[PDB]
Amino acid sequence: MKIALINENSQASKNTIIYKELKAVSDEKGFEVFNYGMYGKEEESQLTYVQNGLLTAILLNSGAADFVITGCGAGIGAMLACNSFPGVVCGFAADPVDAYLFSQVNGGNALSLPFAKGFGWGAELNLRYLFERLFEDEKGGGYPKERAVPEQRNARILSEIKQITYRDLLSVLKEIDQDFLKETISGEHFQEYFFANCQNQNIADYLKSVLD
């Protein structure tokens, strides 16, 4: 499993804290983790929570990541942005139970977290704990076993609906503001991490044209 972390500008100062706990859990489970930033450095490439959504969509649809951790001050903004794109099912979580339930009931491929609201003393413990529960069992197993069938059926039906409600992703990439897109993919490690792990040749080709 490949996991990506994405931070926007308001919470960039917490990227090191967040990645430390995410990497700890990933290392133990033998997953691969990629820190796409923001990193909390002066003069670095900037992302808004809206751009977090676009980047999340790019990473997941290309196969460069299997799961994306992101968020913002209260976590709702990033959630809304992520869920504005095809091929993204982005939850919200505040505690470890939330994370386990997201994994088993929804089985999505992204999670948006609050990095300011409720984020104080011991917040990094909460991060470690929720990451552990998020990846405790294989996703989409249902909770409890008695409600597993309707939960999984509903998740499938949702996926089918999303095939109808969203426009083609590459079409979206071509039609959105190109300066907005260029900035979203201007991170110091984007090219290194993305093109090495991208499985979607069509997305790769277009982003290459945007970059050179």
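Heads up: residue numbers just count along the shown sequence, starting at 1.
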item: Given 49-57 and 27-35, the range whose Cα B-factors average higher in the PDB entry; value: 27-35
item: Segment of higher mean CA temperature factor, 158-166 or 40-48; value: 40-48
item: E124 CA temperature factor, ranked by third within the chain; value: middle
item: Among modelled residues of the same chain, the CA temperature factor third for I176; value: highest
item: Third of chain Cα B-factors occupied by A148; value: highest
